[PDB]
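# build me a model:
(chains A and B)
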Amino acid sequence: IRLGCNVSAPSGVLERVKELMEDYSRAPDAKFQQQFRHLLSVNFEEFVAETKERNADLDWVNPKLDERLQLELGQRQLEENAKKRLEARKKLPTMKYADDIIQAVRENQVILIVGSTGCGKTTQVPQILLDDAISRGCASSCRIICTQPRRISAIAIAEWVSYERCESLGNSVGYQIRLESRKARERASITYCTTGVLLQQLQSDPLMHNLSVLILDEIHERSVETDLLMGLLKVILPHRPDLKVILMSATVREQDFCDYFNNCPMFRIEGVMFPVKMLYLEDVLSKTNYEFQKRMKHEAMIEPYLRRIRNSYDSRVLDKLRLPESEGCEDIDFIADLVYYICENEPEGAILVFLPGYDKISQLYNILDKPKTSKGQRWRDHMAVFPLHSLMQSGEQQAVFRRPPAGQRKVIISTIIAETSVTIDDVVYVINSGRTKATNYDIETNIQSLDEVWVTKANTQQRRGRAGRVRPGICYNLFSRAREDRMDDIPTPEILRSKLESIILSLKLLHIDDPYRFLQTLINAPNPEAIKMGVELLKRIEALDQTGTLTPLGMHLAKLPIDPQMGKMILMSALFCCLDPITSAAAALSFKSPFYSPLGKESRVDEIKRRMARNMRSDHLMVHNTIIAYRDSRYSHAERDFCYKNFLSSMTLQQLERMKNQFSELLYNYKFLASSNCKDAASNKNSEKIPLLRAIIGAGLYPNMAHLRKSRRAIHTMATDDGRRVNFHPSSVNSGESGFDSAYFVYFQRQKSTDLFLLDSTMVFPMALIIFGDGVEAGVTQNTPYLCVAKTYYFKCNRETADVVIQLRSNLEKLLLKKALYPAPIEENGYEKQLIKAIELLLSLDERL
DNA sequence: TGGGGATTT
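Numbering: from 1, shown residues only, chains lettered A, B, ... in the order given. Dropping the coordinates below:
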């Protein structure tokens, strides 16, 4: 054991801490408490009873409305604004099956509709069931909810379906996504929503009494939410026999969903695209004849294949397939030569380049912009080259979606983002490198890694279709057919990669009290060892007790649209009067950073973040400083100027602002804040006390700690609490920095690409870790008294400061327990506020001088 | 000295 630095406090301070604690200890309406006992007392049978009576709105129909809408429907089908809209709808394949679909829903609780992009299942099925019920005189009984995986898709589909019905958005078609909703009318309506919206809504309506038809779309993508939703349908559907569910899928292991719902009926609806020809690595080199010059088990795969095609391809070509670097994107000048080829031959259309990541997109971009070869300079002024990456601005501007200038061809250099998320309509040529990146958690080593991996058969299929929108196109796949046969069918279902704390907690609100038993009933069951790991995290932050039962704090966390750790952090910030900065840290960690990463500018990006961090050595306070800056720029009408200067997405920021308020209102409704405003003065008296913020940030990120032992840009000898050597990720504001006032850091994410990096970090001080952490004991190991945290970091501390900090931690735990059970804001002049002031005072001993 | 991609009454 090595003894860290001294944390003994001055006698004068300890004497005041003792005084405040004794004031706290001389103190003697909770609707929330009875709800919490009522949840624990009922079994699932009773919960099912209770929820039926409480959500009865659909037991009521409006016959005067049923008839009124039935009349207006027939009438508007003979007008000449519609019935052009109907005749163009009738060219969509789905509409040929309308009547079989209507009947299939009538006779079966669950059906599946499987169809290719272009088939119109998403826009046409909901309209088919709605217009049916209206005509039959049931309009007011019909409320259709259609999920989508992506926010942008949910909206545009809504605007489109609303167009096909001659309505402004919000009469019969609407959308609801997080913090933005154009709600449709109450009854006889179709609502598009993100799958997550529906999940949070389950708490209030656990058995889906507030809808008549659930349509799950794009379930073949296996997002956690669709897979999670389907498992929940097996628990719900035996108790909702009048509910109708329609599953929807691409032709990507569609049979898995049909098998899952026990043998249910399955429609196959044909798609409407232009034919796209698939070429593979043998065919690409055959046309461009590019020359390469500058384990194997490349050979185990490639030679058996080269033998089967000896008579179909030239012998010089087949030799290049022996080169390990011919496939994938190892040689970028190979892809560059494939673009220059298309620019000459293969007449006009745009080129869509699929590259794995930021690094390789930069390489191809510089080559197409700064060519070293004659062929490249010939073409440079004739390409309009757009990089496409979630961290790059090009997606949030209208240039990459419009047609290129005259005499120029549009070339898009993209990640997998352009596969489904982003759509460019004039793409005719797709170059498919076959390589993407994936984050993989290894449960055995507690290491998350970011690796370059092969794409799956489903992916390649999706990138092909991207070329069949305007006219028949070509897709160039830079791998051999011997590779495709060795590629997987689909990507790993993402639920097997995801942290389970959120789900395990959210399940408790649905009275699904055994996460091991329930999660095993999913399409792909997550590793039970990963389930246990989640329960311990929840027991460690005291949201579950040792018996696994929900705790009062745990019920609060489960209701919040954020991970339980950052939910706790937000809660602490309400009790400690730093609501505004902390909810910036929580909102940013959950959603994303507001910062772009434009090509070439990586040095200037580092400088913008150095300045925004204000030497506070915390990535999270840095974002809050940015938001404080953003608000000021809205006050001065410099909003655009400010964002241009600091590489900021106004869209990201505005949505971070919206999340801060959602947290504030929830905390307000739960009786933890006096005001629903995250800026209110009362919620924020401590918001300028930087040592205090670091304490609450650490309470959120604990026990993810790091210790730095080296000084030199600067080199760092730094290791996490598990012992492994790490560095600050270069995108972090602590990379290469020297002269820290403390040697201990907290982090949200640790990830290995070239070394073990902390993607994000906040420097914290020992006394705050000790107060809000666990594994705290006082003793003697040298002839020195110590005070430790996590039983991992042992600090020099005299017996007077230890006995106080231990007694302090008790009263803190006693308070947190009471506030969760009996939520009420901390009054400014009460007993509770004194214990707070005691903690502020001990934490300020670390203030910068 | 480096950042696959969604999302939450």
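
# where exactly do the helices run in the stretch 1-150 of chain A?
Assigned by DSSP state H, counting those that start in this stretch, the helices in the stretch 1-150 of chain A fall at A:11-24, A:31-41, A:44-54, A:63-76, A:85-89, A:98-107, A:121-135.

# quick one: contacts of the second one?
So that's helix A:31-41. Contacts to helix A:31-41, defined as CB atoms under 8 Å, 6 or more residues apart in numbering, come from residues A:509, A:511, A:549, A:550, A:552, A:555, A:670, A:671, A:821, A:822, A:823. For every residue, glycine as well, the C-beta is placed using N, CA and C.

# repeat the analysis, applying 10 Å as the threshold.
For helix A:31-41, the external contacting residues (CB atoms under 10 Å, 6 or more residues apart in numbering) are A:30, A:46-47, A:50, A:508-509, A:511, A:513, A:549-552, A:554-556, A:670-671, A:820-824.

# relative orientation of that helix and helix A:44-54 in degrees?
130 degrees (axes from the mean of the first three to the mean of the last three CA atoms, to 10 degrees).

# report how many residues lie close to residue A:290.
Look at residue A:290: counted by other CB atoms under 10 Å, it has 18 neighbours.

# actually, residue A:108.
If we define neighbours as other CB under 10 Å, then residue A:108 has 15 of them.

# which residue is the nearest non-sequential neighbour of it?
residue A:265 (5.5 Å; CB to CB, 6 or more residues apart in numbering).

# on that earlier part again, okay, the helices of the stretch 1-150 of chain A, which one's buried deepest?
helix A:121-135 (a mean of 22; mean count of other CB atoms under 10 Å).

# how's chain A carved up into domains?
A:1-28+A:551-849, A:29-272, A:273-491, A:492-550 (curated CATH domains).

# can you redo those as CSV with distance to DNA strand B?
Below are the domains of chain A laid out as CSV (distance: least, CB to the nearest atom of the strand, whole Å):
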stretch, distance to DNA strand B
domain A:1-28+A:551-849, 3
domain A:29-272, 3
domain A:273-491, 3
domain A:492-550, 6
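
# doesn't residue A:607 belong to a helix?
Yes - looking at residue A:607 with DSSP: H, G, I helix; E, B strand; the rest coil, it is inside a helix.

# residues touching it, list them.
With contact set as CB under 10 Å, 6+ apart, residue A:607 has these partners: residue A:601.

# wait, doesn't residue A:21 sit right on residue A:836?
No - using CB atoms under 10 Å, residue A:21 is not in contact with residue A:836, being 11.3 Å away.

# can you get me a residue count around residue A:451?
11.

# next, count neighbours for the residue lying closest to residue A:749 once chain neighbours are set aside.
When the adjacent residues along the chain are set aside, residue A:749 lies closest to residue A:759, with 4.3 Å between them (CB to CB, 6+ apart). By other CB under 10 Å, the residues close to residue A:759 number 17.

# quick check, residue A:759 in contact with residue A:704.
No - in this structure residue A:759 lies outside contact range of residue A:704 using CB under 10 Å: 11.1 Å.

# common neighbours of these two, please.
Jointly contacting residue A:759 and residue A:704 under the rule CB under 10 Å, 6+ apart are A:747, A:748, A:749, A:750.

# of the contacts of helix A:31-41, just the buried ones, PyMOL syntax please.
Only the buried entries of the contacts of helix A:31-41 go into this PyMOL selection, using 16 or more other CB atoms under 10 Å:
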select buried, chain A and resi 47+508+509+511+550+551+552+554+555+556+670+671+820+821+823
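
# narrow the contacts of helix A:31-41 to those in helices?
A:46, A:47, A:50, A:508, A:552, A:554, A:555, A:556, A:820, A:821 (DSSP state H).

# which residues touch the last one?
Each residue near residue A:821 by CB under 10 Å, 6+ apart is listed here: A:30, A:32, A:33, A:36, A:37, A:551, A:552, A:553, A:555, A:556.

# ok, now residue A:376?
Neighbour list for residue A:376: A:333, A:336, A:337, A:339, A:340, A:367, A:368, A:369, A:370, A:383 [criterion: CB under 10 Å, 6+ apart].

# for residue A:359, see how far away it is.
Shown here: residue A:376 relative to residue A:359, a distance of 20 Å by CB to CB, to the nearest Å.

# ok, now residue A:237?
Taken as CB to CB, the span from residue A:237 to residue A:359 is 47 Å.
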